[PDB]
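Source file: protein.cif. Holds: mmCIF, C-alpha atoms.
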```cif
data_target
#
loop_
_atom_site.group_PDB
_atom_site.id
_atom_site.type_symbol
_atom_site.label_atom_id
_atom_site.label_comp_id
_atom_site.auth_asym_id
_atom_site.auth_seq_id
_atom_site.Cartn_x
_atom_site.Cartn_y
_atom_site.Cartn_z
ATOM 1 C CA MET A 1 -31.666 43.818 -72.001
ATOM 2 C CA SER A 2 -32.065 40.766 -69.764
ATOM 3 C CA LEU A 3 -29.214 38.249 -69.791
ATOM 4 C CA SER A 4 -28.734 36.217 -66.612
ATOM 5 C CA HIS A 5 -31.333 33.477 -66.143
ATOM 6 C CA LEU A 6 -30.003 31.371 -69.019
ATOM 7 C CA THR A 7 -26.264 31.659 -69.652
ATOM 8 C CA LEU A 8 -24.469 30.917 -72.921
ATOM 9 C CA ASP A 9 -23.744 27.470 -71.486
ATOM 10 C CA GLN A 10 -27.411 26.684 -72.124
ATOM 11 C CA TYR A 11 -26.980 27.321 -75.849
ATOM 12 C CA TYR A 12 -24.262 24.662 -75.839
ATOM 13 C CA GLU A 13 -26.931 21.993 -75.365
ATOM 14 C CA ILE A 14 -28.956 23.234 -78.335
ATOM 15 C CA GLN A 15 -25.891 23.576 -80.559
ATOM 16 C CA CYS A 16 -24.548 20.146 -79.610
ATOM 17 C CA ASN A 17 -27.953 18.601 -80.310
ATOM 18 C CA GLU A 18 -27.665 19.842 -83.894
ATOM 19 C CA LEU A 19 -24.325 18.082 -84.366
ATOM 20 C CA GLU A 20 -25.641 14.692 -83.252
ATOM 21 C CA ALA A 21 -28.958 15.327 -85.001
ATOM 22 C CA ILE A 22 -27.315 16.070 -88.349
ATOM 23 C CA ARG A 23 -24.547 13.517 -87.818
ATOM 24 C CA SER A 24 -27.211 10.814 -88.085
ATOM 25 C CA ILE A 25 -28.202 12.144 -91.508
ATOM 26 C CA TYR A 26 -24.678 12.649 -92.845
ATOM 27 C CA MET A 27 -22.963 9.942 -90.799
ATOM 28 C CA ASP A 28 -20.430 9.775 -93.633
ATOM 29 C CA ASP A 29 -21.255 13.072 -95.342
ATOM 30 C CA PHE A 30 -19.991 14.904 -92.256
ATOM 31 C CA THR A 31 -16.733 16.822 -91.837
ATOM 32 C CA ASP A 32 -14.875 17.456 -88.580
ATOM 33 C CA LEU A 33 -13.203 20.868 -88.409
ATOM 34 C CA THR A 34 -13.665 21.645 -84.714
ATOM 35 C CA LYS A 35 -10.554 22.100 -82.575
ATOM 36 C CA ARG A 36 -10.746 18.436 -81.573
ATOM 37 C CA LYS A 37 -8.816 16.624 -84.305
ATOM 38 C CA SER A 38 -5.713 14.997 -82.824
ATOM 39 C CA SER A 39 -5.979 16.706 -79.437
ATOM 40 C CA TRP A 40 -8.859 16.190 -77.008
ATOM 41 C CA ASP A 41 -10.229 19.729 -76.763
ATOM 42 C CA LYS A 42 -8.871 23.279 -76.913
ATOM 43 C CA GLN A 43 -10.928 26.186 -78.252
ATOM 44 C CA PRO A 44 -13.850 24.277 -79.824
ATOM 45 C CA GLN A 45 -17.026 26.162 -80.732
ATOM 46 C CA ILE A 46 -19.117 23.180 -81.824
ATOM 47 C CA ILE A 47 -19.045 24.530 -85.377
ATOM 48 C CA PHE A 48 -18.772 21.866 -88.078
ATOM 49 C CA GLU A 49 -18.745 21.454 -91.859
ATOM 50 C CA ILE A 50 -20.967 19.259 -94.030
ATOM 51 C CA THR A 51 -20.371 17.853 -97.513
ATOM 52 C CA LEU A 52 -23.149 18.614 -99.996
ATOM 53 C CA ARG A 53 -23.700 17.998 -103.710
ATOM 54 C CA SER A 54 -26.234 17.134 -106.413
ATOM 55 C CA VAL A 55 -27.932 13.735 -106.610
ATOM 56 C CA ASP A 56 -26.126 12.551 -109.739
ATOM 57 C CA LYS A 57 -22.898 13.279 -111.616
ATOM 58 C CA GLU A 58 -24.381 14.390 -114.938
ATOM 59 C CA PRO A 59 -24.435 16.731 -116.490
ATOM 60 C CA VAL A 60 -22.414 17.734 -113.427
ATOM 61 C CA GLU A 61 -21.754 16.853 -109.787
ATOM 62 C CA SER A 62 -22.272 20.329 -108.330
ATOM 63 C CA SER A 63 -20.306 19.726 -105.130
ATOM 64 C CA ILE A 64 -20.393 22.348 -102.378
ATOM 65 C CA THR A 65 -19.331 22.399 -98.726
ATOM 66 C CA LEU A 66 -21.608 24.177 -96.251
ATOM 67 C CA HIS A 67 -19.875 25.228 -93.031
ATOM 68 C CA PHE A 68 -22.158 26.513 -90.272
ATOM 69 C CA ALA A 69 -20.907 28.204 -87.103
ATOM 70 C CA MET A 70 -23.008 28.236 -83.933
ATOM 71 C CA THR A 71 -22.125 31.623 -82.442
ATOM 72 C CA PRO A 72 -21.729 31.826 -78.641
ATOM 73 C CA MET A 73 -25.080 33.625 -78.613
ATOM 74 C CA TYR A 74 -27.091 31.489 -81.035
ATOM 75 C CA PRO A 75 -29.810 31.000 -81.530
ATOM 76 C CA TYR A 76 -29.889 34.480 -80.000
ATOM 77 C CA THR A 77 -27.661 35.544 -82.893
ATOM 78 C CA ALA A 78 -27.174 34.397 -86.486
ATOM 79 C CA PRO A 79 -24.474 31.842 -87.395
ATOM 80 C CA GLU A 80 -22.051 32.001 -90.323
ATOM 81 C CA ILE A 81 -22.268 30.008 -93.554
ATOM 82 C CA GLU A 82 -19.688 29.742 -96.335
ATOM 83 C CA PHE A 83 -19.461 27.687 -99.529
ATOM 84 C CA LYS A 84 -16.262 25.864 -100.480
ATOM 85 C CA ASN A 85 -14.929 23.960 -103.492
ATOM 86 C CA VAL A 86 -17.765 25.139 -105.736
ATOM 87 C CA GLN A 87 -17.012 23.408 -109.038
ATOM 88 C CA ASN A 88 -19.918 23.330 -111.491
ATOM 89 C CA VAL A 89 -21.557 26.241 -109.672
ATOM 90 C CA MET A 90 -20.340 29.687 -110.719
ATOM 91 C CA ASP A 91 -21.744 31.997 -108.042
ATOM 92 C CA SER A 92 -25.363 32.772 -108.921
ATOM 93 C CA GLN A 93 -26.411 29.566 -107.163
ATOM 94 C CA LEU A 94 -24.226 30.315 -104.140
ATOM 95 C CA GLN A 95 -25.573 33.841 -103.674
ATOM 96 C CA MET A 96 -29.109 32.589 -104.301
ATOM 97 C CA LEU A 97 -28.876 30.291 -101.277
ATOM 98 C CA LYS A 98 -27.610 33.126 -99.079
ATOM 99 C CA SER A 99 -30.849 35.004 -99.751
ATOM 100 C CA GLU A 100 -32.917 31.977 -98.735
ATOM 101 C CA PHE A 101 -30.805 31.581 -95.596
ATOM 102 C CA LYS A 102 -32.629 34.628 -94.233
ATOM 103 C CA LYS A 103 -36.088 33.105 -94.674
ATOM 104 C CA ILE A 104 -34.991 29.776 -93.197
ATOM 105 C CA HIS A 105 -33.416 31.390 -90.133
ATOM 106 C CA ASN A 106 -36.434 33.651 -89.631
ATOM 107 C CA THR A 107 -38.676 30.583 -89.448
ATOM 108 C CA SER A 108 -36.117 28.537 -87.518
ATOM 109 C CA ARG A 109 -35.080 31.475 -85.337
ATOM 110 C CA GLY A 110 -34.348 29.438 -82.224
ATOM 111 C CA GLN A 111 -34.350 25.877 -83.540
ATOM 112 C CA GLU A 112 -32.008 23.784 -85.687
ATOM 113 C CA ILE A 113 -31.069 25.435 -88.982
ATOM 114 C CA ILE A 114 -28.284 23.096 -90.089
ATOM 115 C CA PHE A 115 -30.733 20.583 -91.555
ATOM 116 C CA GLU A 116 -32.918 23.324 -93.036
ATOM 117 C CA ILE A 117 -30.015 25.074 -94.761
ATOM 118 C CA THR A 118 -28.594 21.775 -96.009
ATOM 119 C CA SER A 119 -31.977 20.516 -97.206
ATOM 120 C CA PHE A 120 -32.828 23.813 -98.904
ATOM 121 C CA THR A 121 -29.479 23.978 -100.701
ATOM 122 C CA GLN A 122 -29.531 20.266 -101.527
ATOM 123 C CA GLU A 123 -33.074 20.353 -102.910
ATOM 124 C CA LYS A 124 -32.501 23.562 -104.872
ATOM 125 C CA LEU A 125 -29.057 22.359 -105.955
ATOM 126 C CA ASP A 126 -30.295 19.015 -107.278
ATOM 127 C CA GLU A 127 -33.149 20.719 -109.129
ATOM 128 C CA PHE A 128 -30.563 23.012 -110.721
ATOM 129 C CA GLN A 129 -28.448 20.428 -112.544
ATOM 130 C CA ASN A 130 -31.764 19.415 -114.109
ATOM 131 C CA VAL A 131 -32.692 22.929 -115.232
ATOM 132 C CA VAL A 132 -29.576 25.105 -115.359
ATOM 133 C CA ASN A 133 -28.876 28.027 -117.690
ATOM 134 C CA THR A 134 -26.143 26.322 -119.714
ATOM 135 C CA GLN A 135 -23.756 28.475 -121.749
ATOM 136 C CA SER A 136 -20.311 26.864 -121.778
ATOM 137 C CA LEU A 137 -17.126 28.858 -122.372
ATOM 138 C CA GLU A 138 -17.749 31.981 -120.292
#
```
In structure tokens, how does this file's structure come out?
Amino acid sequence: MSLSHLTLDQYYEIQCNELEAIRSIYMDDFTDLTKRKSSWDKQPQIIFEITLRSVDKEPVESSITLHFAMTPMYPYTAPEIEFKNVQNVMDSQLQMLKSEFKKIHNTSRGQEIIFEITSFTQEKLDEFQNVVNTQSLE
């Protein structure tokens, strides 16, 4: 309807702030996937991946990788999240987080959501290992 005053370039500042903001939390638990590796800069979108997992190793480690993508419209638009590795977790936990991603974004519609999504998944994930519907041998 009205797109001129603030160009997409403005969103770059907000997106970049999330990288440095989260980087401080996962200084080591951070993964670089942007088109920067090796080269200096090509078609980077700021997007980045973060390593997540339970708090302990027993009964499992529940390790999952959350990759968030800051669309060229965000926060105007909604980013993209995808789980990787997924060992202990089967899928119920993965899909469960996706549903919560809607509530988090709705409340953070305009602000940082990388920390919210990571915290929500981390908190819920850790609590899982403690109380998970064990079954063994599917």
Go through segment 51-83 of chain A residue by residue and, counting all atoms listed in the file, keep those with an atom at most 10 Å from segment 100-116 of chain A; for each kept residue give the shortest atom pair and its distance in Å to one decimal, ordered by chain and increasing number, as a Markdown table.
```
| residue | atom | partner | partner_atom | distance |
| --- | --- | --- | --- | --- |
| A:66 | CA | A:114 | CA | 9.1 |
| A:67 | CA | A:114 | CA | 9.2 |
| A:68 | CA | A:114 | CA | 7.0 |
| A:69 | CA | A:114 | CA | 9.5 |
| A:70 | CA | A:114 | CA | 9.6 |
| A:74 | CA | A:110 | CA | 7.6 |
| A:75 | CA | A:110 | CA | 4.8 |
| A:76 | CA | A:110 | CA | 7.1 |
| A:77 | CA | A:109 | CA | 8.8 |
| A:78 | CA | A:105 | CA | 7.8 |
| A:79 | CA | A:113 | CA | 9.3 |
| A:81 | CA | A:101 | CA | 8.9 |
```
Pick from A:93, A:122, A:87, A:99: nearest to residue 60 of chain A, with all atoms listed in the file counted?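 With all atoms listed in the file as the atom set, the closest residue is A:87.
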Step by step, work through what the PyMOL selection byres ((chain A and resi 47) around 9) selects in the shown file, and finish by giving those residues as a list in words.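 Applying the expression gives residues 15, 19, 32, 33, 34, 44, 45, 46, 48, 49, 67, 68, 69, 70 and 71 of chain A.
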Taking the file as shown, what set of residues would the PyMOL selection byres ((chain A and resi 86) around 12) give back, as a ChimeraX atom specification? /A:51-54,60-66,82-85,87-95,125
With distances taken over only C-alpha atoms, which of A:35, A:57, A:73, A:21 is nearest to residue 8 of chain A?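 That would be A:73, the residue with the smallest distance to residue 8 of chain A.
Rounded to one decimal, atom CA of residue 30 of chain A and atom CA of residue 14 of chain A lie 18.5 Å from each other.
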Which distance in Å separates atom CA of residue 43 of chain A and atom CA of residue 4 of chain A, to one decimal?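 Rounded to one decimal, the two atoms are 23.5 Å apart.
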Size and centre in Å, one decimal, axis-aligned box, all listed segment 105-123 of chain A atoms plus 4 Å per side, as AutoDock Vina command-line options:
```
--center_x -33.5 --center_y 27.0 --center_z -92.6 --size_x 18.4 --size_y 21.4 --size_z 28.7
```
What does the distance between atom CA of residue 96 of chain A and atom CA of residue 29 of chain A come to in Å, to one decimal place? 22.9 Å
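For the set A:1, A:97, A:22, A:55, the residue with the smallest atom-to-atom gap to residue 130 of chain A is A:55, counting all atoms listed in the file.
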What's the 12 Å shell around residue 131 of chain A, counting only C-alpha atoms, without same-chain residues fewer than 4 positions away, as a PyMOL selection string? chain A and resi 58-60+124-127
Just need segment 44-93 of chain A in a file, please: N, CA and C atoms, as a PDB file, in the first residue's frame.
```
ATOM      1  N   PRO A  44      24.786 -12.546   0.069  1.00  0.00           N
ATOM      2  CA  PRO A  44      24.402 -12.762   1.467  1.00  0.00           C
ATOM      3  C   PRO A  44      23.035 -12.168   1.791  1.00  0.00           C
ATOM      4  N   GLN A  45      22.294 -12.843   2.664  1.00  0.00           N
ATOM      5  CA  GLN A  45      20.969 -12.380   3.058  1.00  0.00           C
ATOM      6  C   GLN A  45      20.891 -12.172   4.567  1.00  0.00           C
ATOM      7  N   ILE A  46      22.031 -12.309   5.237  1.00  0.00           N
ATOM      8  CA  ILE A  46      22.091 -12.134   6.683  1.00  0.00           C
ATOM      9  C   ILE A  46      21.700 -13.417   7.408  1.00  0.00           C
ATOM     10  N   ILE A  47      20.860 -14.221   6.765  1.00  0.00           N
ATOM     11  CA  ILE A  47      20.411 -15.479   7.348  1.00  0.00           C
ATOM     12  C   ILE A  47      21.569 -16.228   7.998  1.00  0.00           C
ATOM     13  N   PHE A  48      21.267 -16.971   9.058  1.00  0.00           N
ATOM     14  CA  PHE A  48      22.283 -17.738   9.770  1.00  0.00           C
ATOM     15  C   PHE A  48      21.654 -18.903  10.528  1.00  0.00           C
ATOM     16  N   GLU A  49      22.465 -19.911  10.830  1.00  0.00           N
ATOM     17  CA  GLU A  49      21.987 -21.085  11.551  1.00  0.00           C
ATOM     18  C   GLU A  49      22.539 -21.112  12.974  1.00  0.00           C
ATOM     19  N   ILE A  50      21.791 -21.732  13.881  1.00  0.00           N
ATOM     20  CA  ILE A  50      22.206 -21.827  15.275  1.00  0.00           C
ATOM     21  C   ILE A  50      22.078 -23.257  15.788  1.00  0.00           C
ATOM     22  N   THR A  51      23.086 -23.706  16.530  1.00  0.00           N
ATOM     23  CA  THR A  51      23.087 -25.055  17.083  1.00  0.00           C
ATOM     24  C   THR A  51      22.324 -25.109  18.402  1.00  0.00           C
ATOM     25  N   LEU A  52      21.330 -25.987  18.469  1.00  0.00           N
ATOM     26  CA  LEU A  52      20.523 -26.138  19.675  1.00  0.00           C
ATOM     27  C   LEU A  52      20.488 -27.595  20.128  1.00  0.00           C
ATOM     28  N   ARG A  53      20.161 -27.806  21.398  1.00  0.00           N
ATOM     29  CA  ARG A  53      20.091 -29.152  21.956  1.00  0.00           C
ATOM     30  C   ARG A  53      19.692 -29.111  23.428  1.00  0.00           C
ATOM     31  N   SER A  54      19.361 -30.274  23.979  1.00  0.00           N
ATOM     32  CA  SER A  54      18.957 -30.370  25.377  1.00  0.00           C
ATOM     33  C   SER A  54      20.032 -29.795  26.294  1.00  0.00           C
ATOM     34  N   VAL A  55      19.836 -29.955  27.598  1.00  0.00           N
ATOM     35  CA  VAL A  55      20.788 -29.453  28.583  1.00  0.00           C
ATOM     36  C   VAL A  55      21.783 -30.535  28.985  1.00  0.00           C
ATOM     37  N   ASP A  56      21.353 -31.789  28.900  1.00  0.00           N
ATOM     38  CA  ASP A  56      22.207 -32.916  29.254  1.00  0.00           C
ATOM     39  C   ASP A  56      22.370 -33.867  28.071  1.00  0.00           C
ATOM     40  N   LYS A  57      22.842 -35.077  28.352  1.00  0.00           N
ATOM     41  CA  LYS A  57      23.045 -36.080  27.313  1.00  0.00           C
ATOM     42  C   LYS A  57      22.175 -37.308  27.565  1.00  0.00           C
ATOM     43  N   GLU A  58      21.610 -37.390  28.765  1.00  0.00           N
ATOM     44  CA  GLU A  58      20.755 -38.515  29.129  1.00  0.00           C
ATOM     45  C   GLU A  58      19.361 -38.034  29.522  1.00  0.00           C
ATOM     46  N   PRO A  59      18.343 -38.842  29.193  1.00  0.00           N
ATOM     47  CA  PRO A  59      18.537 -40.118  28.498  1.00  0.00           C
ATOM     48  C   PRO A  59      18.982 -39.928  27.051  1.00  0.00           C
ATOM     49  N   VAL A  60      18.939 -38.685  26.581  1.00  0.00           N
ATOM     50  CA  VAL A  60      19.340 -38.369  25.216  1.00  0.00           C
ATOM     51  C   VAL A  60      19.986 -36.991  25.138  1.00  0.00           C
ATOM     52  N   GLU A  61      20.410 -36.610  23.937  1.00  0.00           N
ATOM     53  CA  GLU A  61      21.048 -35.314  23.728  1.00  0.00           C
ATOM     54  C   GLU A  61      20.122 -34.369  22.970  1.00  0.00           C
ATOM     55  N   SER A  62      19.116 -34.936  22.311  1.00  0.00           N
ATOM     56  CA  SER A  62      18.162 -34.144  21.543  1.00  0.00           C
ATOM     57  C   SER A  62      18.841 -32.928  20.920  1.00  0.00           C
ATOM     58  N   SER A  63      19.572 -33.158  19.835  1.00  0.00           N
ATOM     59  CA  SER A  63      20.277 -32.082  19.146  1.00  0.00           C
ATOM     60  C   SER A  63      19.534 -31.671  17.879  1.00  0.00           C
ATOM     61  N   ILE A  64      19.254 -30.378  17.757  1.00  0.00           N
ATOM     62  CA  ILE A  64      18.549 -29.855  16.593  1.00  0.00           C
ATOM     63  C   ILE A  64      19.134 -28.517  16.152  1.00  0.00           C
ATOM     64  N   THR A  65      19.177 -28.300  14.842  1.00  0.00           N
ATOM     65  CA  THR A  65      19.712 -27.062  14.289  1.00  0.00           C
ATOM     66  C   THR A  65      18.596 -26.175  13.749  1.00  0.00           C
ATOM     67  N   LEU A  66      18.466 -24.982  14.319  1.00  0.00           N
ATOM     68  CA  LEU A  66      17.439 -24.038  13.893  1.00  0.00           C
ATOM     69  C   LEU A  66      18.024 -22.977  12.968  1.00  0.00           C
ATOM     70  N   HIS A  67      17.592 -22.991  11.710  1.00  0.00           N
ATOM     71  CA  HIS A  67      18.072 -22.027  10.726  1.00  0.00           C
ATOM     72  C   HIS A  67      16.983 -21.015  10.384  1.00  0.00           C
ATOM     73  N   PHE A  68      17.209 -19.760  10.760  1.00  0.00           N
ATOM     74  CA  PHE A  68      16.248 -18.697  10.494  1.00  0.00           C
ATOM     75  C   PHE A  68      16.713 -17.820   9.335  1.00  0.00           C
ATOM     76  N   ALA A  69      15.772 -17.428   8.483  1.00  0.00           N
ATOM     77  CA  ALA A  69      16.084 -16.587   7.334  1.00  0.00           C
ATOM     78  C   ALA A  69      15.324 -15.267   7.397  1.00  0.00           C
ATOM     79  N   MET A  70      16.064 -14.165   7.443  1.00  0.00           N
ATOM     80  CA  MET A  70      15.458 -12.839   7.504  1.00  0.00           C
ATOM     81  C   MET A  70      15.096 -12.340   6.109  1.00  0.00           C
ATOM     82  N   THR A  71      13.882 -12.657   5.669  1.00  0.00           N
ATOM     83  CA  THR A  71      13.415 -12.242   4.352  1.00  0.00           C
ATOM     84  C   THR A  71      13.753 -10.780   4.084  1.00  0.00           C
ATOM     85  N   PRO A  72      13.805 -10.411   2.795  1.00  0.00           N
ATOM     86  CA  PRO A  72      14.116  -9.040   2.377  1.00  0.00           C
ATOM     87  C   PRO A  72      12.995  -8.063   2.713  1.00  0.00           C
ATOM     88  N   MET A  73      11.955  -8.566   3.371  1.00  0.00           N
ATOM     89  CA  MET A  73      10.819  -7.735   3.753  1.00  0.00           C
ATOM     90  C   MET A  73      10.669  -7.684   5.270  1.00  0.00           C
ATOM     91  N   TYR A  74      11.146  -8.726   5.943  1.00  0.00           N
ATOM     92  CA  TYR A  74      11.062  -8.801   7.397  1.00  0.00           C
ATOM     93  C   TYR A  74      11.515  -7.492   8.037  1.00  0.00           C
ATOM     94  N   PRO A  75      10.923  -7.165   9.195  1.00  0.00           N
ATOM     95  CA  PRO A  75       9.898  -8.004   9.824  1.00  0.00           C
ATOM     96  C   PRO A  75       8.589  -8.005   9.043  1.00  0.00           C
ATOM     97  N   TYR A  76       8.464  -7.070   8.107  1.00  0.00           N
ATOM     98  CA  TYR A  76       7.260  -6.961   7.291  1.00  0.00           C
ATOM     99  C   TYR A  76       6.673  -8.339   7.001  1.00  0.00           C
ATOM    100  N   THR A  77       7.535  -9.272   6.609  1.00  0.00           N
ATOM    101  CA  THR A  77       7.104 -10.629   6.299  1.00  0.00           C
ATOM    102  C   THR A  77       7.630 -11.622   7.329  1.00  0.00           C
ATOM    103  N   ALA A  78       7.257 -12.887   7.171  1.00  0.00           N
ATOM    104  CA  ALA A  78       7.693 -13.934   8.086  1.00  0.00           C
ATOM    105  C   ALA A  78       8.883 -14.700   7.516  1.00  0.00           C
ATOM    106  N   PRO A  79       9.894 -14.939   8.363  1.00  0.00           N
ATOM    107  CA  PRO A  79      11.105 -15.663   7.965  1.00  0.00           C
ATOM    108  C   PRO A  79      10.840 -17.142   7.710  1.00  0.00           C
ATOM    109  N   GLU A  80      11.911 -17.922   7.602  1.00  0.00           N
ATOM    110  CA  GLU A  80      11.791 -19.355   7.357  1.00  0.00           C
ATOM    111  C   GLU A  80      12.656 -20.147   8.333  1.00  0.00           C
ATOM    112  N   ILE A  81      12.042 -21.111   9.011  1.00  0.00           N
ATOM    113  CA  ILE A  81      12.755 -21.942   9.972  1.00  0.00           C
ATOM    114  C   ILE A  81      12.705 -23.412   9.574  1.00  0.00           C
ATOM    115  N   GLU A  82      13.819 -24.111   9.767  1.00  0.00           N
ATOM    116  CA  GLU A  82      13.901 -25.526   9.428  1.00  0.00           C
ATOM    117  C   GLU A  82      14.812 -26.268  10.402  1.00  0.00           C
ATOM    118  N   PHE A  83      14.386 -27.458  10.812  1.00  0.00           N
ATOM    119  CA  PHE A  83      15.163 -28.268  11.745  1.00  0.00           C
ATOM    120  C   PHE A  83      16.061 -29.247  10.997  1.00  0.00           C
ATOM    121  N   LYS A  84      17.281 -29.419  11.493  1.00  0.00           N
ATOM    122  CA  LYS A  84      18.239 -30.328  10.874  1.00  0.00           C
ATOM    123  C   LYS A  84      18.729 -31.368  11.876  1.00  0.00           C
ATOM    124  N   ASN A  85      19.479 -32.349  11.385  1.00  0.00           N
ATOM    125  CA  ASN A  85      20.011 -33.405  12.239  1.00  0.00           C
ATOM    126  C   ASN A  85      18.883 -34.217  12.869  1.00  0.00           C
ATOM    127  N   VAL A  86      18.215 -33.626  13.854  1.00  0.00           N
ATOM    128  CA  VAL A  86      17.113 -34.292  14.538  1.00  0.00           C
ATOM    129  C   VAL A  86      17.437 -35.759  14.802  1.00  0.00           C
ATOM    130  N   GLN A  87      18.016 -36.030  15.967  1.00  0.00           N
ATOM    131  CA  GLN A  87      18.377 -37.393  16.341  1.00  0.00           C
ATOM    132  C   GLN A  87      17.304 -38.016  17.227  1.00  0.00           C
ATOM    133  N   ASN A  88      17.400 -37.768  18.529  1.00  0.00           N
ATOM    134  CA  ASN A  88      16.437 -38.307  19.483  1.00  0.00           C
ATOM    135  C   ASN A  88      15.010 -37.971  19.063  1.00  0.00           C
ATOM    136  N   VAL A  89      14.787 -36.714  18.693  1.00  0.00           N
ATOM    137  CA  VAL A  89      13.468 -36.265  18.267  1.00  0.00           C
ATOM    138  C   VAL A  89      12.992 -37.037  17.041  1.00  0.00           C
ATOM    139  N   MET A  90      11.701 -37.351  17.011  1.00  0.00           N
ATOM    140  CA  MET A  90      11.121 -38.087  15.895  1.00  0.00           C
ATOM    141  C   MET A  90      10.495 -37.134  14.881  1.00  0.00           C
ATOM    142  N   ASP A  91       9.591 -36.284  15.356  1.00  0.00           N
ATOM    143  CA  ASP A  91       8.920 -35.320  14.492  1.00  0.00           C
ATOM    144  C   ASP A  91       7.855 -34.548  15.263  1.00  0.00           C
ATOM    145  N   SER A  92       7.207 -35.224  16.206  1.00  0.00           N
ATOM    146  CA  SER A  92       6.162 -34.603  17.012  1.00  0.00           C
ATOM    147  C   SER A  92       6.678 -33.334  17.684  1.00  0.00           C
ATOM    148  N   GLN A  93       7.915 -33.389  18.167  1.00  0.00           N
ATOM    149  CA  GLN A  93       8.525 -32.244  18.834  1.00  0.00           C
ATOM    150  C   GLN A  93       8.846 -31.138  17.834  1.00  0.00           C
TER     151      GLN A  93
END
```
